[PDB]
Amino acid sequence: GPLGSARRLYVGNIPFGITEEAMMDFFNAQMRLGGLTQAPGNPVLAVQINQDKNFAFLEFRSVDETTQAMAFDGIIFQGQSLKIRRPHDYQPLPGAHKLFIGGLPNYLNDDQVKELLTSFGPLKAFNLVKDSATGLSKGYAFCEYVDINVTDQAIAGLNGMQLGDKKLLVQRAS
């Protein structure tokens, strides 16, 4: 990015020998049947297939329809479950999926707290709030995952859960 790749999606596991036209027709028909289209006409403008590596890139007419179409992840097309993803180049804007982690033992250092979070996936940002004059923990931290799909996995696996004699709070910071 920062503003790049907003109107394309990766589609993996496409059926063998399928055409660009046929894939286009399929996605345009689903957008309509599922009520995800936001104006009259076709949301998908073009499809590019790599037949050797069995994947496609769809290009959409709008930003919001690209986002809506991700709800089709897993849809079966000619026997095949399609893998729908953002382009590698796509990044959300900074602080969009920042997490607050509260209810931590205050005797734990930074690497020890990071350990629990990186079990779900890699981090692109982390800070453990400390009393700068003494250096000691305040019992809470902030972080952001490299993969934004992991955010809800960390919340689901850590929020409301027992850690020592204290219960964690894990939620979006804003």
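Just count from 1 along the sequence shown to find any residue number.
107-115 and 24-32 differ in mean CA B-factor, and the higher of the two is recorded for 107-115. Stretches 47-55 and 144-152 differ in mean CA B factor, with 144-152 having the higher one. The residue among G102, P87, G74, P94 whose C-alpha carries the highest B-factor in the deposited model is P94. For the set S62, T67, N127, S132, the PDB entry assigns the largest Cα B-factor to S132. The deposited CA B-factor of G17 belongs to the highest third of values across its chain. Remark: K167 belongs to the highest third of its chain, ranked by C-alpha B-factor as recorded.
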